[PDB]
$ cat final_39.csv   # CSV, N, CA and C atoms
chain,number,residue,atom,x,y,z
A,1,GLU,N,20.6,27.5,77.2
A,1,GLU,CA,21.6,28.5,76.6
A,1,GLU,C,22.6,27.8,75.6
A,2,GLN,N,22.7,26.5,75.6
A,2,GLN,CA,23.7,25.7,74.8
A,2,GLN,C,22.9,24.7,74.0
A,3,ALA,N,23.3,24.5,72.7
A,3,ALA,CA,22.6,23.5,71.9
A,3,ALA,C,23.6,22.7,71.0
A,4,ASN,N,23.4,21.4,71.0
A,4,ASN,CA,24.3,20.5,70.2
A,4,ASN,C,23.5,19.7,69.2
A,5,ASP,N,24.2,18.9,68.4
A,5,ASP,CA,23.6,18.1,67.3
A,5,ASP,C,22.4,18.7,66.5
A,6,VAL,N,22.6,19.9,66.0
A,6,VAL,CA,21.5,20.6,65.3
A,6,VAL,C,22.0,20.5,63.8
A,7,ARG,N,21.1,20.2,63.0
A,7,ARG,CA,21.4,20.1,61.5
A,7,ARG,C,21.3,21.5,60.9
A,8,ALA,N,22.5,22.0,60.6
A,8,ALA,CA,22.6,23.3,59.9
A,8,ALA,C,22.7,23.2,58.4
A,9,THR,N,22.4,24.2,57.7
A,9,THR,CA,22.5,24.2,56.2
A,9,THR,C,22.8,25.6,55.8
A,10,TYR,N,23.0,26.0,54.6
A,10,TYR,CA,23.3,27.5,54.3
A,10,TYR,C,22.4,27.9,53.1
A,11,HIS,N,22.0,29.1,52.9
A,11,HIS,CA,21.1,29.5,51.8
A,11,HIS,C,21.4,31.0,51.4
A,12,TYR,N,21.6,31.3,50.1
A,12,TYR,CA,21.9,32.7,49.8
A,12,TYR,C,21.0,33.4,48.8
A,13,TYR,N,20.6,34.6,49.1
A,13,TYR,CA,19.6,35.3,48.3
A,13,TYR,C,20.4,36.6,47.8
A,14,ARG,N,20.4,37.6,48.7
A,14,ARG,CA,21.1,38.9,48.3
A,14,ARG,C,22.1,39.2,49.5
A,15,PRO,N,23.3,38.6,49.5
A,15,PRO,CA,24.4,38.9,50.5
A,15,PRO,C,25.2,40.1,50.1
A,16,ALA,N,26.4,40.2,50.7
A,16,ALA,CA,27.4,41.3,50.5
A,16,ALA,C,27.3,42.0,49.1
A,17,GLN,N,26.9,41.2,48.1
A,17,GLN,CA,26.7,41.7,46.7
A,17,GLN,C,25.9,43.0,46.8
A,18,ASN,N,24.9,43.1,47.6
A,18,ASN,CA,24.0,44.3,47.8
A,18,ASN,C,24.5,44.7,49.2
A,19,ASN,N,25.8,44.7,49.4
A,19,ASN,CA,26.4,45.0,50.7
A,19,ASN,C,25.5,44.4,51.8
A,20,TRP,N,25.0,43.2,51.5
A,20,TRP,CA,24.1,42.4,52.4
A,20,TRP,C,23.3,43.3,53.4
A,21,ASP,N,22.9,44.5,52.9
A,21,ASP,CA,22.2,45.4,53.8
A,21,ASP,C,20.8,44.8,54.3
A,22,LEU,N,20.8,44.6,55.6
A,22,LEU,CA,19.6,44.1,56.3
A,22,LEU,C,18.4,45.0,56.1
A,23,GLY,N,18.7,46.1,55.5
A,23,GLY,CA,17.6,47.2,55.2
A,23,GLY,C,17.1,46.9,53.8
A,24,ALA,N,17.8,46.2,53.0
A,24,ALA,CA,17.4,45.9,51.6
A,24,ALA,C,15.9,45.3,51.5
A,25,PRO,N,15.1,45.9,50.6
A,25,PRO,CA,13.6,45.8,50.7
A,25,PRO,C,13.0,44.5,51.1
A,26,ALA,N,13.4,43.4,50.5
A,26,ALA,CA,12.8,42.1,50.9
A,26,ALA,C,13.6,41.3,52.0
A,27,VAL,N,14.2,42.0,52.9
A,27,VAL,CA,15.0,41.4,54.0
A,27,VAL,C,14.5,41.8,55.4
A,28,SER,N,14.6,43.1,55.5
A,28,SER,CA,14.3,43.9,56.7
A,28,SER,C,14.4,43.1,58.1
A,29,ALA,N,15.6,42.9,58.5
A,29,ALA,CA,15.9,42.2,59.8
A,29,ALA,C,16.0,43.0,61.1
A,30,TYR,N,15.6,42.5,62.1
A,30,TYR,CA,15.6,43.1,63.5
A,30,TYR,C,16.7,44.2,63.8
A,31,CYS,N,17.9,43.8,63.8
A,31,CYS,CA,18.9,44.8,64.1
A,31,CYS,C,19.5,45.5,62.8
A,32,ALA,N,18.7,45.5,61.8
A,32,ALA,CA,19.1,46.2,60.6
A,32,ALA,C,19.4,47.7,60.9
A,33,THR,N,18.4,48.2,61.5
A,33,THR,CA,18.4,49.7,62.0
A,33,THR,C,19.6,50.1,62.7
A,34,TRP,N,20.3,49.1,63.4
A,34,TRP,CA,21.5,49.4,64.2
A,34,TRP,C,22.8,48.8,63.7
A,35,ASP,N,22.8,47.7,62.9
A,35,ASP,CA,24.0,47.1,62.4
A,35,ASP,C,24.3,47.3,60.9
A,36,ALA,N,23.2,47.4,60.1
A,36,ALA,CA,23.4,47.6,58.7
A,36,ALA,C,24.1,49.0,58.5
A,37,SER,N,24.1,49.8,59.6
A,37,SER,CA,24.8,51.1,59.6
A,37,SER,C,26.2,51.0,59.9
A,38,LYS,N,26.7,49.8,60.4
A,38,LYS,CA,28.2,49.7,60.7
A,38,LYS,C,28.9,49.5,59.3
A,39,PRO,N,30.1,50.0,59.3
A,39,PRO,CA,30.9,49.9,58.0
A,39,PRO,C,31.0,48.4,57.4
A,40,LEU,N,31.8,48.3,56.5
A,40,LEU,CA,32.0,46.9,55.9
A,40,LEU,C,32.9,46.0,56.8
A,41,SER,N,34.1,46.5,57.0
A,41,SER,CA,35.1,45.7,57.9
A,41,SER,C,34.3,44.9,59.0
A,42,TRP,N,34.0,45.6,60.0
A,42,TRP,CA,33.2,45.1,61.2
A,42,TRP,C,32.2,44.0,60.7
A,43,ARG,N,31.3,44.5,59.9
A,43,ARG,CA,30.3,43.6,59.4
A,43,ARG,C,30.8,42.3,58.8
A,44,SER,N,31.8,42.4,57.9
A,44,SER,CA,32.4,41.2,57.3
A,44,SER,C,33.3,40.4,58.2
A,45,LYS,N,33.8,41.1,59.2
A,45,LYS,CA,34.7,40.6,60.3
A,45,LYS,C,34.0,39.7,61.3
A,46,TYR,N,32.9,40.2,61.7
A,46,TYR,CA,32.0,39.4,62.7
A,46,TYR,C,30.7,39.0,61.9
A,47,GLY,N,30.6,37.7,61.7
A,47,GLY,CA,29.4,37.2,61.0
A,47,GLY,C,28.1,37.8,61.6
A,48,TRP,N,26.9,37.5,61.1
A,48,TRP,CA,25.6,38.0,61.6
A,48,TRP,C,24.4,37.2,61.2
A,49,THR,N,24.2,36.0,61.8
A,49,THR,CA,23.1,35.1,61.4
A,49,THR,C,21.8,35.4,62.3
A,50,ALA,N,21.1,34.4,62.6
A,50,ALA,CA,19.8,34.7,63.4
A,50,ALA,C,19.8,34.0,64.8
A,51,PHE,N,18.7,34.4,65.5
A,51,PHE,CA,18.4,33.9,66.8
A,51,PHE,C,17.3,32.9,66.6
A,52,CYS,N,17.8,31.7,66.5
A,52,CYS,CA,16.8,30.5,66.3
A,52,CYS,C,17.4,29.3,66.9
A,53,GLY,N,17.0,28.1,66.4
A,53,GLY,CA,17.5,26.8,66.9
A,53,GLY,C,16.4,26.2,67.7
A,54,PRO,N,16.5,24.9,67.9
A,54,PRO,CA,15.5,24.2,68.8
A,54,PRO,C,15.5,24.8,70.3
A,55,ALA,N,16.6,25.3,70.6
A,55,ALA,CA,16.9,26.0,71.9
A,55,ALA,C,17.5,27.4,71.9
A,56,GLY,N,16.9,28.3,71.3
A,56,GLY,CA,17.4,29.7,71.2
A,56,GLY,C,16.5,30.9,71.3
A,57,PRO,N,15.7,31.0,72.4
A,57,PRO,CA,14.8,32.1,72.5
A,57,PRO,C,15.6,33.4,72.9
A,58,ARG,N,16.0,34.2,71.9
A,58,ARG,CA,16.8,35.4,72.1
A,58,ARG,C,16.5,36.4,71.0
A,59,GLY,N,15.5,37.2,71.1
A,59,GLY,CA,15.3,38.3,70.0
A,59,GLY,C,15.5,39.7,70.6
A,60,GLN,N,14.5,40.2,71.2
A,60,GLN,CA,14.5,41.6,71.8
A,60,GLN,C,15.9,41.9,72.5
A,61,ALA,N,16.3,41.0,73.4
A,61,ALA,CA,17.6,41.1,74.1
A,61,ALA,C,18.8,40.5,73.4
A,62,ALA,N,18.7,40.4,72.1
A,62,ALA,CA,19.7,39.8,71.2
A,62,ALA,C,20.2,40.7,70.1
A,63,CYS,N,19.7,41.9,70.1
A,63,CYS,CA,20.2,42.9,69.0
A,63,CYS,C,21.6,43.5,69.2
A,64,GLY,N,22.3,42.9,70.1
A,64,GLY,CA,23.7,43.3,70.4
A,64,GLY,C,24.5,42.2,71.1
A,65,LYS,N,24.2,41.0,70.7
A,65,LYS,CA,24.9,39.8,71.3
A,65,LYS,C,25.4,38.9,70.1
A,66,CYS,N,26.3,38.1,70.5
A,66,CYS,CA,27.0,37.2,69.5
A,66,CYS,C,26.7,35.7,69.8
A,67,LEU,N,27.0,34.9,68.8
A,67,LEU,CA,26.8,33.4,68.9
A,67,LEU,C,28.1,32.6,68.5
A,68,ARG,N,28.6,31.8,69.4
A,68,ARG,CA,29.8,31.0,69.1
A,68,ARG,C,29.3,29.6,68.6
A,69,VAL,N,29.9,29.2,67.5
A,69,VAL,CA,29.6,28.0,66.8
A,69,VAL,C,30.8,27.1,66.7
A,70,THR,N,30.7,25.8,66.9
A,70,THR,CA,31.8,24.8,66.9
A,70,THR,C,31.5,23.7,66.0
A,71,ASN,N,32.5,23.1,65.3
A,71,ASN,CA,32.2,21.9,64.3
A,71,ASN,C,32.9,20.6,64.7
A,72,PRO,N,32.3,19.6,65.4
A,72,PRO,CA,33.0,18.4,65.9
A,72,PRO,C,33.9,17.8,64.9
A,73,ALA,N,33.4,17.7,63.7
A,73,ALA,CA,34.0,17.2,62.5
A,73,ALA,C,35.6,17.5,62.4
A,74,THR,N,35.8,18.8,62.5
A,74,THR,CA,37.3,19.3,62.5
A,74,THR,C,37.8,19.7,63.8
A,75,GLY,N,36.8,20.2,64.6
A,75,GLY,CA,37.1,20.8,65.9
A,75,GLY,C,37.2,22.3,65.8
A,76,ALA,N,37.1,22.7,64.6
A,76,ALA,CA,37.2,24.2,64.3
A,76,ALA,C,35.9,24.9,64.9
A,77,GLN,N,36.1,26.2,65.2
A,77,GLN,CA,35.0,27.0,65.8
A,77,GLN,C,35.2,28.4,65.3
A,78,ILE,N,34.1,29.1,65.4
A,78,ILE,CA,34.0,30.6,65.0
A,78,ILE,C,32.9,31.3,65.8
A,79,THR,N,32.8,32.6,65.7
A,79,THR,CA,31.8,33.4,66.4
A,79,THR,C,31.0,34.3,65.5
A,80,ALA,N,29.7,34.1,65.4
A,80,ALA,CA,28.8,35.0,64.5
A,80,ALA,C,27.9,36.0,65.3
A,81,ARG,N,27.2,36.8,64.6
A,81,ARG,CA,26.4,37.8,65.4
A,81,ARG,C,24.9,37.4,65.3
A,82,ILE,N,24.2,37.8,66.3
A,82,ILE,CA,22.7,37.5,66.4
A,82,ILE,C,21.9,38.7,65.7
A,83,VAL,N,21.1,38.5,64.7
A,83,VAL,CA,20.5,39.8,64.2
A,83,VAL,C,19.0,39.7,63.8
A,84,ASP,N,18.8,38.6,63.1
A,84,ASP,CA,17.4,38.3,62.5
A,84,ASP,C,16.8,36.9,63.0
A,85,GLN,N,15.8,36.5,62.3
A,85,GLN,CA,15.1,35.2,62.5
A,85,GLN,C,15.5,34.1,61.6
A,86,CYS,N,14.8,33.0,61.6
A,86,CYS,CA,15.1,31.8,60.6
A,86,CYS,C,14.1,31.5,59.5
A,87,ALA,N,14.0,32.5,58.6
A,87,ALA,CA,13.1,32.4,57.4
A,87,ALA,C,13.1,31.1,56.6
A,88,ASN,N,14.3,30.5,56.8
A,88,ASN,CA,14.7,29.2,56.2
A,88,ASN,C,14.7,28.0,57.2
A,89,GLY,N,15.0,28.3,58.4
A,89,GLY,CA,15.1,27.3,59.5
A,89,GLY,C,16.4,27.3,60.2
A,90,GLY,N,17.1,28.4,60.2
A,90,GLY,CA,18.5,28.4,60.9
A,90,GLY,C,19.5,29.3,60.2
A,91,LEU,N,20.6,29.4,60.8
A,91,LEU,CA,21.7,30.3,60.3
A,91,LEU,C,21.7,30.4,58.7
A,92,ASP,N,21.5,31.6,58.2
A,92,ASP,CA,21.4,31.8,56.8
A,92,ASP,C,22.5,32.8,56.2
A,93,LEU,N,22.9,33.9,56.9
A,93,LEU,CA,23.9,34.9,56.4
A,93,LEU,C,25.4,34.4,56.3
A,94,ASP,N,25.5,33.1,56.1
A,94,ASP,CA,26.9,32.5,56.0
A,94,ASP,C,27.4,32.5,54.6
A,95,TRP,N,27.8,31.4,54.1
A,95,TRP,CA,28.4,31.1,52.8
A,95,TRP,C,29.8,31.6,52.7
A,96,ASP,N,30.2,32.6,53.4
A,96,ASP,CA,31.6,33.1,53.4
A,96,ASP,C,32.2,33.2,54.9
A,97,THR,N,31.2,33.4,55.8
A,97,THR,CA,31.5,33.5,57.3
A,97,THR,C,31.7,32.3,58.2
A,98,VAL,N,30.7,31.5,58.5
A,98,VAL,CA,30.8,30.3,59.3
A,98,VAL,C,31.1,29.0,58.6
A,99,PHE,N,30.0,28.5,58.0
A,99,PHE,CA,30.1,27.2,57.2
A,99,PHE,C,31.5,27.0,56.5
A,100,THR,N,31.6,27.9,55.5
A,100,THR,CA,32.8,28.0,54.6
A,100,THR,C,34.1,27.9,55.3
A,101,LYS,N,34.2,28.4,56.5
A,101,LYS,CA,35.5,28.4,57.2
A,101,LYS,C,35.6,27.1,58.1
A,102,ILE,N,34.5,26.7,58.7
A,102,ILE,CA,34.6,25.5,59.6
A,102,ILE,C,34.6,24.1,58.8
A,103,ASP,N,34.4,24.3,57.5
A,103,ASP,CA,34.4,23.1,56.5
A,103,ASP,C,35.7,22.9,55.7
A,104,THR,N,36.8,22.7,56.4
A,104,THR,CA,38.2,22.5,55.8
A,104,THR,C,38.2,21.5,54.6
A,105,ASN,N,37.4,20.5,54.6
A,105,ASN,CA,37.4,19.5,53.5
A,105,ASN,C,36.3,19.9,52.5
A,106,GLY,N,35.2,20.3,52.9
A,106,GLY,CA,34.1,20.7,51.9
A,106,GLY,C,32.9,19.7,52.0
A,107,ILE,N,33.0,18.7,52.8
A,107,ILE,CA,32.0,17.7,53.0
A,107,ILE,C,30.6,18.3,53.1
A,108,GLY,N,30.5,19.3,53.9
A,108,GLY,CA,29.1,20.0,54.0
A,108,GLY,C,28.7,20.6,52.7
A,109,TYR,N,29.5,21.6,52.2
A,109,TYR,CA,29.1,22.3,50.9
A,109,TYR,C,28.7,21.3,49.8
A,110,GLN,N,29.4,20.2,49.6
A,110,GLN,CA,29.0,19.3,48.5
A,110,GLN,C,27.7,18.5,48.9
A,111,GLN,N,27.5,18.3,50.1
A,111,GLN,CA,26.3,17.5,50.6
A,111,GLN,C,25.1,18.4,50.8
A,112,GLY,N,25.2,19.5,51.5
A,112,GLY,CA,24.0,20.5,51.8
A,112,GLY,C,23.8,20.9,53.2
A,113,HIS,N,23.8,19.9,54.1
A,113,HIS,CA,23.6,20.2,55.5
A,113,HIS,C,24.7,19.6,56.4
A,114,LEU,N,24.8,20.1,57.6
A,114,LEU,CA,25.9,19.6,58.5
A,114,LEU,C,25.5,19.5,60.0
A,115,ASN,N,26.2,18.8,60.8
A,115,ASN,CA,25.8,18.6,62.2
A,115,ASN,C,26.9,19.5,63.0
A,116,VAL,N,26.3,20.5,63.5
A,116,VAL,CA,27.2,21.5,64.3
A,116,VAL,C,26.6,21.8,65.7
A,117,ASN,N,27.3,22.5,66.6
A,117,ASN,CA,26.9,22.8,67.9
A,117,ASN,C,27.1,24.3,68.2
A,118,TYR,N,26.4,24.9,69.1
A,118,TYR,CA,26.6,26.4,69.3
A,118,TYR,C,26.2,26.9,70.8
A,119,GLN,N,26.7,28.0,71.2
A,119,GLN,CA,26.5,28.6,72.5
A,119,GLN,C,26.4,30.1,72.4
A,120,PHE,N,25.4,30.7,73.1
A,120,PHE,CA,25.4,32.2,73.0
A,120,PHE,C,26.6,32.8,73.7
A,121,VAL,N,27.1,33.9,73.1
A,121,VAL,CA,28.4,34.6,73.6
A,121,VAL,C,28.3,36.1,73.5
A,122,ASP,N,29.4,36.7,74.0
A,122,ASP,CA,29.6,38.2,74.0
A,122,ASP,C,30.4,38.5,72.7
A,123,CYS,N,30.3,39.8,72.3
A,123,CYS,CA,31.0,40.1,71.0
A,123,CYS,C,32.4,40.6,71.3
A,124,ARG,N,32.5,41.5,72.2
A,124,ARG,CA,33.8,42.2,72.7
A,124,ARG,C,34.5,42.7,71.4
A,125,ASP,N,33.9,43.6,70.9
A,125,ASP,CA,34.3,44.3,69.6
A,125,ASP,C,35.4,45.4,70.0

$ encode --input "final_39.csv" --output "structure tokens"
Amino acid sequence: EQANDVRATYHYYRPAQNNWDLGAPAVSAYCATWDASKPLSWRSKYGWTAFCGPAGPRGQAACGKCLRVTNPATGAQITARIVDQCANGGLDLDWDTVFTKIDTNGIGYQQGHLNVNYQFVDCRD
């Protein structure tokens, strides 16, 4: 249920620009049918990456769960939502949500990848 020392990276195709709709033709993510329908606030308030990792079997029973992520580097932490898979190999719907906020200095953004840790959690919206 918990995973540490995983090399995370970020990748953007069509985010919030196209209201990051998980329904958008070339995306079609698992909980799109249920979360792409929530307004903007909530959606931009609570991040929404994927159910992946070397240790994260959580799909069918993950369409309404959240994921807490921590960054040893700063000690900062945040909570994202579980929605889709890892078409790239890990957390992708970031850029403004997780990475960008737990990266106070920018070391990750200028380099490309980072070493982070995470644990499955509740949303409590």

$ atom_distance --input "final_39.csv" --atom1 "atom CA of residue A:86" --atom2 "atom CA of residue A:28"
12.7 Å

$ residues_around --input "final_39.csv" --residues "residue A:37" --least-positions-apart "4" --cutoff "8 Å" --atoms "all atoms listed in the file" --output "PyMOL selection string"
chain A and resi 21-23+31-33

$ select_by_dssp --input "final_39.csv" --residues "stretch 1-121 of chain A" --states "helix (DSSP H, G or I)" --output "list in words"
residues 16, 17, 18, 32, 33, 34, 35, 40, 41, 42, 43, 44, 45, 60, 61, 62, 99, 100, 101, 102, 107, 108, 109, 110 and 111 of chain A

$ residues_around --input "final_39.csv" --residues "residue A:30" --least-positions-apart "3" --cutoff "7 Å" --atoms "all atoms listed in the file" --output "tab-separated table (two decimals) with N, CA and C atoms, in the coordinates of the input"
chain	number	residue	atom	x	y	z
A	27	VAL	N	14.20	42.00	52.90
A	27	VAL	CA	15.00	41.40	54.00
A	27	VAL	C	14.50	41.80	55.40
A	33	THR	N	18.40	48.20	61.50
A	33	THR	CA	18.40	49.70	62.00
A	33	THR	C	19.60	50.10	62.70
A	34	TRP	N	20.30	49.10	63.40
A	34	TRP	CA	21.50	49.40	64.20
A	34	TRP	C	22.80	48.80	63.70
A	63	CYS	N	19.70	41.90	70.10
A	63	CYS	CA	20.20	42.90	69.00
A	63	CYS	C	21.60	43.50	69.20
A	83	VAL	N	21.10	38.50	64.70
A	83	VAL	CA	20.50	39.80	64.20
A	83	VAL	C	19.00	39.70	63.80
A	84	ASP	N	18.80	38.60	63.10
A	84	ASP	CA	17.40	38.30	62.50
A	84	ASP	C	16.80	36.90	63.00
A	85	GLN	N	15.80	36.50	62.30
A	85	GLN	CA	15.10	35.20	62.50
A	85	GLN	C	15.50	34.10	61.60

$ residues_around --input "final_39.csv" --residues "residue A:10" --least-positions-apart "6" --cutoff "7 Å" --atoms "all atoms listed in the file" --output "ChimeraX atom specification"
/A:91-95,112-114

$ build_atoms --input "final_39.csv" --residues "stretch 53-78 of chain A" --atoms "N, CA, C and O atoms" --output "PDB file, in the coordinates of the input"
ATOM      1  N   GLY A  53      17.000  28.100  66.400  1.00  0.00           N
ATOM      2  CA  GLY A  53      17.500  26.800  66.900  1.00  0.00           C
ATOM      3  C   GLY A  53      16.400  26.200  67.700  1.00  0.00           C
ATOM      4  O   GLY A  53      15.419  26.843  68.075  1.00  0.00           O
ATOM      5  N   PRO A  54      16.500  24.900  67.900  1.00  0.00           N
ATOM      6  CA  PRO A  54      15.500  24.200  68.800  1.00  0.00           C
ATOM      7  C   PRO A  54      15.500  24.800  70.300  1.00  0.00           C
ATOM      8  O   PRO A  54      14.512  24.759  70.972  1.00  0.00           O
ATOM      9  N   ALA A  55      16.600  25.300  70.600  1.00  0.00           N
ATOM     10  CA  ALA A  55      16.900  26.000  71.900  1.00  0.00           C
ATOM     11  C   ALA A  55      17.500  27.400  71.900  1.00  0.00           C
ATOM     12  O   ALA A  55      18.581  27.581  72.439  1.00  0.00           O
ATOM     13  N   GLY A  56      16.900  28.300  71.300  1.00  0.00           N
ATOM     14  CA  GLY A  56      17.400  29.700  71.200  1.00  0.00           C
ATOM     15  C   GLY A  56      16.500  30.900  71.300  1.00  0.00           C
ATOM     16  O   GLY A  56      16.440  31.705  70.454  1.00  0.00           O
ATOM     17  N   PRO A  57      15.700  31.000  72.400  1.00  0.00           N
ATOM     18  CA  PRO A  57      14.800  32.100  72.500  1.00  0.00           C
ATOM     19  C   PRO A  57      15.600  33.400  72.900  1.00  0.00           C
ATOM     20  O   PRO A  57      16.024  33.576  74.017  1.00  0.00           O
ATOM     21  N   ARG A  58      16.000  34.200  71.900  1.00  0.00           N
ATOM     22  CA  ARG A  58      16.800  35.400  72.100  1.00  0.00           C
ATOM     23  C   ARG A  58      16.500  36.400  71.000  1.00  0.00           C
ATOM     24  O   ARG A  58      17.285  36.478  70.040  1.00  0.00           O
ATOM     25  N   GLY A  59      15.500  37.200  71.100  1.00  0.00           N
ATOM     26  CA  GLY A  59      15.300  38.300  70.000  1.00  0.00           C
ATOM     27  C   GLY A  59      15.500  39.700  70.600  1.00  0.00           C
ATOM     28  O   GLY A  59      16.516  40.258  70.387  1.00  0.00           O
ATOM     29  N   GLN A  60      14.500  40.200  71.200  1.00  0.00           N
ATOM     30  CA  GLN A  60      14.500  41.600  71.800  1.00  0.00           C
ATOM     31  C   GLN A  60      15.900  41.900  72.500  1.00  0.00           C
ATOM     32  O   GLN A  60      16.542  42.867  72.239  1.00  0.00           O
ATOM     33  N   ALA A  61      16.300  41.000  73.400  1.00  0.00           N
ATOM     34  CA  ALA A  61      17.600  41.100  74.100  1.00  0.00           C
ATOM     35  C   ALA A  61      18.800  40.500  73.400  1.00  0.00           C
ATOM     36  O   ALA A  61      19.769  40.044  73.991  1.00  0.00           O
ATOM     37  N   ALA A  62      18.700  40.400  72.100  1.00  0.00           N
ATOM     38  CA  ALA A  62      19.700  39.800  71.200  1.00  0.00           C
ATOM     39  C   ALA A  62      20.200  40.700  70.100  1.00  0.00           C
ATOM     40  O   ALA A  62      20.972  40.299  69.263  1.00  0.00           O
ATOM     41  N   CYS A  63      19.700  41.900  70.100  1.00  0.00           N
ATOM     42  CA  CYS A  63      20.200  42.900  69.000  1.00  0.00           C
ATOM     43  C   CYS A  63      21.600  43.500  69.200  1.00  0.00           C
ATOM     44  O   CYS A  63      22.117  44.318  68.437  1.00  0.00           O
ATOM     45  N   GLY A  64      22.300  42.900  70.100  1.00  0.00           N
ATOM     46  CA  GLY A  64      23.700  43.300  70.400  1.00  0.00           C
ATOM     47  C   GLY A  64      24.500  42.200  71.100  1.00  0.00           C
ATOM     48  O   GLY A  64      25.316  42.462  71.957  1.00  0.00           O
ATOM     49  N   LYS A  65      24.200  41.000  70.700  1.00  0.00           N
ATOM     50  CA  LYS A  65      24.900  39.800  71.300  1.00  0.00           C
ATOM     51  C   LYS A  65      25.400  38.900  70.100  1.00  0.00           C
ATOM     52  O   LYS A  65      25.049  39.071  68.989  1.00  0.00           O
ATOM     53  N   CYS A  66      26.300  38.100  70.500  1.00  0.00           N
ATOM     54  CA  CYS A  66      27.000  37.200  69.500  1.00  0.00           C
ATOM     55  C   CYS A  66      26.700  35.700  69.800  1.00  0.00           C
ATOM     56  O   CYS A  66      26.337  35.259  70.875  1.00  0.00           O
ATOM     57  N   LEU A  67      27.000  34.900  68.800  1.00  0.00           N
ATOM     58  CA  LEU A  67      26.800  33.400  68.900  1.00  0.00           C
ATOM     59  C   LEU A  67      28.100  32.600  68.500  1.00  0.00           C
ATOM     60  O   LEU A  67      28.550  32.731  67.447  1.00  0.00           O
ATOM     61  N   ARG A  68      28.600  31.800  69.400  1.00  0.00           N
ATOM     62  CA  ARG A  68      29.800  31.000  69.100  1.00  0.00           C
ATOM     63  C   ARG A  68      29.300  29.600  68.600  1.00  0.00           C
ATOM     64  O   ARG A  68      28.415  29.029  69.131  1.00  0.00           O
ATOM     65  N   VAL A  69      29.900  29.200  67.500  1.00  0.00           N
ATOM     66  CA  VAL A  69      29.600  28.000  66.800  1.00  0.00           C
ATOM     67  C   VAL A  69      30.800  27.100  66.700  1.00  0.00           C
ATOM     68  O   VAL A  69      31.916  27.633  66.432  1.00  0.00           O
ATOM     69  N   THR A  70      30.700  25.800  66.900  1.00  0.00           N
ATOM     70  CA  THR A  70      31.800  24.800  66.900  1.00  0.00           C
ATOM     71  C   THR A  70      31.500  23.700  66.000  1.00  0.00           C
ATOM     72  O   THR A  70      30.333  23.299  65.830  1.00  0.00           O
ATOM     73  N   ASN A  71      32.500  23.100  65.300  1.00  0.00           N
ATOM     74  CA  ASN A  71      32.200  21.900  64.300  1.00  0.00           C
ATOM     75  C   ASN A  71      32.900  20.600  64.700  1.00  0.00           C
ATOM     76  O   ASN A  71      34.058  20.360  64.220  1.00  0.00           O
ATOM     77  N   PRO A  72      32.300  19.600  65.400  1.00  0.00           N
ATOM     78  CA  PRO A  72      33.000  18.400  65.900  1.00  0.00           C
ATOM     79  C   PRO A  72      33.900  17.800  64.900  1.00  0.00           C
ATOM     80  O   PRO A  72      35.080  17.498  65.128  1.00  0.00           O
ATOM     81  N   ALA A  73      33.400  17.700  63.700  1.00  0.00           N
ATOM     82  CA  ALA A  73      34.000  17.200  62.500  1.00  0.00           C
ATOM     83  C   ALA A  73      35.600  17.500  62.400  1.00  0.00           C
ATOM     84  O   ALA A  73      36.382  16.652  62.147  1.00  0.00           O
ATOM     85  N   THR A  74      35.800  18.800  62.500  1.00  0.00           N
ATOM     86  CA  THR A  74      37.300  19.300  62.500  1.00  0.00           C
ATOM     87  C   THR A  74      37.800  19.700  63.800  1.00  0.00           C
ATOM     88  O   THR A  74      38.928  19.595  64.170  1.00  0.00           O
ATOM     89  N   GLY A  75      36.800  20.200  64.600  1.00  0.00           N
ATOM     90  CA  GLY A  75      37.100  20.800  65.900  1.00  0.00           C
ATOM     91  C   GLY A  75      37.200  22.300  65.800  1.00  0.00           C
ATOM     92  O   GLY A  75      37.446  22.970  66.766  1.00  0.00           O
ATOM     93  N   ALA A  76      37.100  22.700  64.600  1.00  0.00           N
ATOM     94  CA  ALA A  76      37.200  24.200  64.300  1.00  0.00           C
ATOM     95  C   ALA A  76      35.900  24.900  64.900  1.00  0.00           C
ATOM     96  O   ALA A  76      34.884  24.332  65.125  1.00  0.00           O
ATOM     97  N   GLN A  77      36.100  26.200  65.200  1.00  0.00           N
ATOM     98  CA  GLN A  77      35.000  27.000  65.800  1.00  0.00           C
ATOM     99  C   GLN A  77      35.200  28.400  65.300  1.00  0.00           C
ATOM    100  O   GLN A  77      36.222  28.886  64.927  1.00  0.00           O
ATOM    101  N   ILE A  78      34.100  29.100  65.400  1.00  0.00           N
ATOM    102  CA  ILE A  78      34.000  30.600  65.000  1.00  0.00           C
ATOM    103  C   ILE A  78      32.900  31.300  65.800  1.00  0.00           C
ATOM    104  O   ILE A  78      32.095  30.645  66.446  1.00  0.00           O
TER     105      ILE A  78
END
